[PDB]
């Protein structure tokens, strides 16, 4: 079974809860962070912290070495400008995985990659274009890749009771950050989503 994981984007909205959940669940977690002050003191703590940047191949290589799987929760912290950070980071992650024999990656893009592609809000198009580039990098890597394509990420509690579809239709257009993290982790213990795109959603009310 997967025991050692790297998380990229662990200091982000979804990353922080995914990290806490992963440690509480018993994983040995390594994170790559640019700024360690963004990791919390309270609660569960990663086993290993690498300070560096996903755009630096050597920093990524150090983070991926020795792992059993990789979770990718990279994002732009609501900077909507044109960007290649996520796709360039994914290229570095794939190269490091291949260099170190790691074969499982679970990565978050967005439900816009399942929904009608002509209905992306204009303000989100640049980020979506880079999600599409990152998805291409991961799909073409040949590695076992679960594409997680969530709708709006909310603040609702952890439930573990959300629905996962393969087509972007579902009970709602929201997933709590906690449930999204829970789903990322679920993907580490099953093969059933490898090579698929997945849409987690739930009605919280």
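Residue numbers count along the first chain shown, from 1. Note that the rigid core is defined as the largest set of C-alphas that superpose within 1.5 Å between two forms.
S.K.: Hey, after superposing on the core, which one moves around more in 8 other deposited structures of this protein, 98-106 or 72-80, CA-wise?
M.R.: Clearly, after the core fit, the stretch farther away in 8 other deposited structures of this protein is 72-80.
S.K.: Once the rigid core is matched, which of the two stretches, 37-45 or 176-184, lies farther off on average in 8 other deposited structures of this protein by C-alpha?
M.R.: Checking 37-45 against 176-184 in 8 other deposited structures of this protein, I find the farther stretch is 37-45.
S.K.: So, looking at the entry's B-factor column for Cα atoms, which has the higher mean, 184-192 or 7-15?
M.R.: Here the higher of the two C-alpha B-factor means belongs to 184-192.
S.K.: On average, are the C-alpha B-factors higher in 132-140 or in 167-175?
M.R.: Looking at the recorded C-alpha B-factors, 167-175 comes out higher on average.
S.K.: Which is it among 38, 152, 45, 62: the one with the largest CA B-factor in the entry?
M.R.: Among 38, 152, 45, 62, the highest C-alpha B-factor in the entry belongs to 62.
S.K.: If I read the C-alpha B-factors straight from the PDB entry, which of 95, 108, 126, 102 is highest?
M.R.: Most elevated C-alpha B-factor of the set, per the entry: 126.
S.K.: Name the third of the chain's ranked CA B-factors that contains residue 55, choosing lowest, middle or highest.
M.R.: For residue 55, whose C-alpha B-factor we compare with every modelled residue in the chain, the answer is the middle third.
S.K.: Select lowest, middle or highest to describe the third in which the CA B-factor of residue 30 falls within its chain in this entry.
M.R.: Lowest third of the chain for residue 30's C-alpha B-factor.
S.K.: Place residue 86 in the lowest, middle or highest third of its chain's C-alpha B-factors, as listed in the PDB entry.
M.R.: For residue 86, whose C-alpha B-factor we compare with every modelled residue in the chain, the answer is the middle third.
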